[PDB]
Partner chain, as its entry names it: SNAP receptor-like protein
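Shown here is one chain on its own, the form deposited without the partner chain, set out as structure tokens.
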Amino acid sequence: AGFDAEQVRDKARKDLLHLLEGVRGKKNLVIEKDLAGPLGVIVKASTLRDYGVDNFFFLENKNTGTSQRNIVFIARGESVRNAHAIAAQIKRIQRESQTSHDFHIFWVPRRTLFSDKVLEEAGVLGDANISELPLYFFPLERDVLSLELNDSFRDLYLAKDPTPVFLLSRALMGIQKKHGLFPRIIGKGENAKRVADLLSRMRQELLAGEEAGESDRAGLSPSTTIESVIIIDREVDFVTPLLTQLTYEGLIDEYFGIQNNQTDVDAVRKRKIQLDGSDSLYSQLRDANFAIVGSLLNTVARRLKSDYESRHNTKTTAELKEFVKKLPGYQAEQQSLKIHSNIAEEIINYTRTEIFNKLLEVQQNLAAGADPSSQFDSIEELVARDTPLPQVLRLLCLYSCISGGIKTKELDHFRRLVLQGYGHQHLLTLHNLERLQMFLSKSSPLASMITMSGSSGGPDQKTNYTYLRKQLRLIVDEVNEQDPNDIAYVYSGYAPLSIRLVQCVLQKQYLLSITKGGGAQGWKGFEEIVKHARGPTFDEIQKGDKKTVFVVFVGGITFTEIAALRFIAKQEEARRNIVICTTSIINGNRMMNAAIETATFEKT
């Protein structure tokens, strides 16, 4: 009777297809590109053709074919560009046509007033059968739900757009509507609180309806199959995604970039690799520290080879007749192992370069607590060797975020290095990093960390990583990577603060043990510590056996954080079912790409 991620997939598929029925006859499909990916997780492209789709077209290509008569658009409705893009296309076929065509548009997840005004001041609003496609969480795994909002980080922290926060609230509210109110809403961070606030405002709006005869029968009471929801704001811990991830899936995302459980590679244009928990090999590989991937890859090749040789024993029909049956299951494992070898082998040559080791050296030194000034010459050498701008910016932001701002003298040298190394166009890139508050001067009030010494002052004072490093045992130089005993294995000695904060709630006994159920839940006993992380700390209460726990990340989560979280899910397998929710899957490069100006002072 509890929560199951598959019912999300099923509803998603059923709602889409039910709208395809609504459009009678065969149809040609037009999809927003960064929506096509996520869609492939809930529905087969096979299944779509059967429901009458002839050809597939990307919306941003402006090349919709006149093949079939019915043209169907599927795009996210919150997007200002998407509205214009479709509207432009509806004219690129009313003045180049051969027939009139009927136009259907499926807004995800809703039709917005803005969408209409853009469509209206082009006249094409009237010839449009507009329906809503309530997609929110895309179930990427059994324990991972993601809104798959790729620009959500830019939108939220730069553009100051409440849309991702809004959607996530709606998404979570959907969970409540089906399985009951979250008994507790525990969280940390400004946008985490915003999500909680939207969850209480939306709850009341459902009661204003039912009281005033809008009916809906009922009528939400506290759940019995959900323990709580824990909401973490990404802007509370920018450091973890900035660090170069050192798990297998992390490094794949760090180097190849993973989108919608997929990615592109060249060694058997390029080809699309599927990366999800289906592949039995990848399941075990993905969450492991990259060091032991060789050892793990070999052990499986060493075991596969002595499983092919095996069972030539009873050489009479049967024991061979039974062997050829289990034969396609060998070839798959054989082709999987070659892929995840080639990939591993390629990630290896990358980690052996002098630049990479120089990067890791600076990242590790800064995270460990070394004097950041000691990493200056190293950063300068990296700029001089023309290392990719994102990697350098990640260091500077890591530098800035971990030292409570940057010293005035060192700041000006850093700005000179970036500008004279990559382009004066990046006067804008640095300005964006300043608004994101990840590259600031020490003399800025926004750069200050939280201290119980420097009086009050500062409304939005930053996470004190220096304090939190000690108080929360952020550094574990122990941890063996062959058989991890702490989440700090995902960075080879560094435990992510974000997940460590989750442990302040979920694993109080363990967290106390390394610093020398029923209750008491909440932040109880870790109030002074969590006080030193950015933003509001909260724990609202809404009014038998194992229940599910939703760990929600507002503003992106990393593969390192997912693995670490999965590591905890196992340790808690007895009393809890942990389900991860997030606006998107984020990383250092996606974060930086949000701030980086691509214009160029060159020839047009």
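Residue numbers count along the first chain shown, from 1. Rigid core here is just the name for the largest C-alpha set that superposes within 1.5 Å across the two forms.
There is another form of the same protein, the form deposited with the partner chain bound; it is not shown, and what comes next is about it.
Asker: Of these, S131, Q284, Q262, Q94, which has a heavy atom no more than 4.5 Å from the partner chain in the deposited bound form?
Answerer: Filtering the options by heavy-atom distance leaves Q262.
Asker: May I ask you to choose, among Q331, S221, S100, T515, the residue with a heavy atom within 4.5 Å of the partner chain in the deposited bound form?
Answerer: Selected residue: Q331.
Asker: Specify the contacting stretch among 548 to 556, 571 to 579, 533 to 541, 41 to 49, defined as having any heavy atom within 4.5 Å of the partner chain in the deposited bound form.
Answerer: Going through the listed ranges, the match is 41 to 49.
Asker: With the partner left out here, check for me: in the deposited bound form, does some heavy atom of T66 sit within 4.5 Å of the partner chain?
Answerer: Taking the distances in the deposited bound form, the answer for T66 is no, it never comes within 4.5 Å of the partner chain.
Asker: Since only the chain is shown here, I'm wondering whether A370 would be in contact with the partner chain in the deposited bound form (any heavy atom pair within 4.5 Å).
Answerer: Looking in the deposited bound form, residue contacts with the partner chain do not include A370, since no heavy atom lies within 4.5 Å.
Asker: Contact between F567 and the partner chain in the deposited bound form at 4.5 Å, heavy atoms?
Answerer: Outside the cut-off, so no.
Asker: Test of understanding: in the deposited bound form, would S374 fall inside 4.5 Å of the partner chain by heavy atoms?
Answerer: No, no contact at 4.5 Å.
Asker: Is it the case that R217, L472 and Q521 all touch the partner chain in the deposited bound form, with a non-hydrogen atom of each within 4.5 angstroms?
Answerer: So, no: the whole triplet misses the partner chain.
Asker: If I align on the rigid core, exactly one of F323, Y422, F376, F256 should have its C-alpha move by 2 Å or more between the shown form and the other one; which residue is that?
Answerer: By this measure, the answer is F323.
Asker: So, does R311 move by 2 Å or more at the CA between the shown form and the other one, with the core held fixed?
Answerer: Yes, shifts by 2 Å or more.
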